[PDB]
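> this one's sequence-less:
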Ligand SMILES: Cc1cc2nc3c(=O)[nH]c(=O)nc-3n(C[C@H](O)[C@H](O)[C@H](O)COP(=O)(O)O)c2cc1C
């Protein structure tokens, strides 16, 4: 029976264990160019047969909603990524690039020519939420501009190009970021999408954009090199759906149908879940969310990655009970470069410092968290 530390065939790829580096924005790619800091960060976290998912990576200039996040839409960016990917591969890692467009979760200071961010809607994120600005202050999310149909197709093309560029950089595949209230989620969630055209209304219409993206990148680089991340039950930055269960199942039904039509499976479905503890890890002393995650996994035909507040014990149980094939860890991987070894040994985990999640130093709070002492053989 599978355990968290068992080998796994993720279609094309052989993994040696089920512990995954969750995608995490860290803002060390100064002026959007992957650099020596990113090389060392991913190298430190690489293991033989371990799966890595990168930080969200811009597909276009309008994709930006954080400072110093990498892109993969220029040759210069691709050349920077090659060095990261080569180092991870030297350690035996498998690595996917997460393709990211923030949509309305942006600010004029991040947009070319100071243009309004783009979205499904003209409705801004409410003032309940604020955005980190490049000068280390927090600002107000502005009114976005609703995309026309032809402009949505332009963004689909941006995803296609980014996927091709990822393969040129040597990535094993890409992950479509369709979670956390960003552009594709702004179309999926009925709390945001108030369109009256073919991209609004029904679940079919609301899932249209993300399915067009999946279809385009699958054609470009192959189904087996494409993963997809969603979060139907996370309502971060005013991104709520009235029926998360049905939304998740609607995406899944369409992924299943596409796989059947094309004749092959996607690399995986990746779902991130909310937690209800004070620190956002583990479970309290909702079963609703747990049931939802198992329902979605049961419905999806293929590899399922779970993420969000997983602990060593909950990760062990998720794989042992068949709730997930792979378990991704975010915050613990920030502070534990050798997280896989620590989980295998049930060693203590380094505390993580939220204050340097999104700062820009190549060392401080980024690559200077220690591994366990390996000694000298
Ligand atoms: C600093 C930080 C940056 C993150 N950046 C991304 C991102 O770029 N793309 C994404 O899909 N999720 C991102 N996440 C969400 C994580 O992938 C993960 O789902 C979340 O941290 C919950 O998992 P955890 O409990 O193991 O930390 C980020 C989380 C943090 C804390």
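Ah, there it is. Residues are numbered from 1 along each chain as shown.
> which residues does the one residue in the stretch 201-350 of the chain that gets nearest to the ligand contact?
Per CB to the nearest ligand atom, residue 330 is where the stretch 201-350 of the chain lies closest to the ligand, at 2.8 Å. No exception for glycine: its C-beta is placed from N, CA and C like everyone else's. Contact analysis of residue 330 by CB atoms under 8 Å, 6 or more residues apart in numbering lists 22-24, 307.
> same thing but at 7 Å, please
By CB atoms under 7 Å, 6 or more residues apart in numbering, the contact set of residue 330 is 22, 24, 307.
> could you do residue 323 as well?
Per CB under 7 Å, 6+ apart, neighbours of residue 323: 293-294, 297, 306.
> and it, what element?
Remark: residue 323 resides in no helix or strand, with elements defined by DSSP states H and E.
> next one: residue 85
Going by DSSP H and E, residue 85 is part of helix 75-90.
> cool, residue 14 as well?
Per DSSP H and E: strand 13-15 holds residue 14.
> what does residue 165 give?
Using DSSP H and E, residue 165 maps to helix 149-168.
> angle of that helix against helix 75-90?
50 degrees (axes from the mean of the first three to the mean of the last three CA atoms, to 10 degrees).
> would you mark the buried spots in helix 149-168?
By neighbour count on 16 or more other CB atoms under 10 Å, the buried set for helix 149-168 is 152, 155-156, 158-167.
> now stretch 186-200
By neighbour count on 16+ other CB under 10 Å, the buried set for stretch 186-200 is 186-193, 195, 199-200.
> tell me the two of those residues that are most distant?
Across the buried residues of stretch 186-200, no pair lies farther apart than 191 and 199, at 15.5 Å, counting by CB to CB.
> after the strand holding residue 14, next one along is what?
Following strand 13-15 in sequence, per DSSP H and E, is strand 19-21.
> is the very next helix or strand once past that following strand in proximity to the ligand?
Where DSSP H and E defines the elements, the next helix or strand beyond strand 19-21 is helix 36-45. No: contact of helix 36-45 with the ligand (CB under 6 Å from any ligand atom) is absent, the minimum separation being 12.6 Å.
> list of residues touching helix 36-45?
Helix 36-45 has contacts (CB under 7 Å, 6+ apart) with 21, 28-29, 52, 83-84, 87-88, 91, 333, 337, 362, 366-367.
> tell me which of those residues is nearest to residue 174?
residue 52 (12.5 Å).
> helices of the stretch 101-250 of the chain, residue ranges please.
Here the stretch 101-250 of the chain has its helices, by DSSP state H, counting those that start in this stretch, at 149-168, 183-188, 203-206, 208-221, 244-262.
> just the stretch 251-377 of the chain next, same as before
Counting by DSSP H, counting those that start in this stretch, the helices of the stretch 251-377 of the chain are 287-299, 312-320, 331-335, 339-345.
> quick one: is the first one near the ligand?
No: using CB under 6 Å from any ligand atom as the criterion, no contacts between helix 287-299 and the ligand are found, and the smallest distance is 13.1 Å.
> quick one, that helix and helix 312-320 angle?
Using the same axes, to 10 degrees: helix 287-299 against helix 312-320 is 30 degrees.
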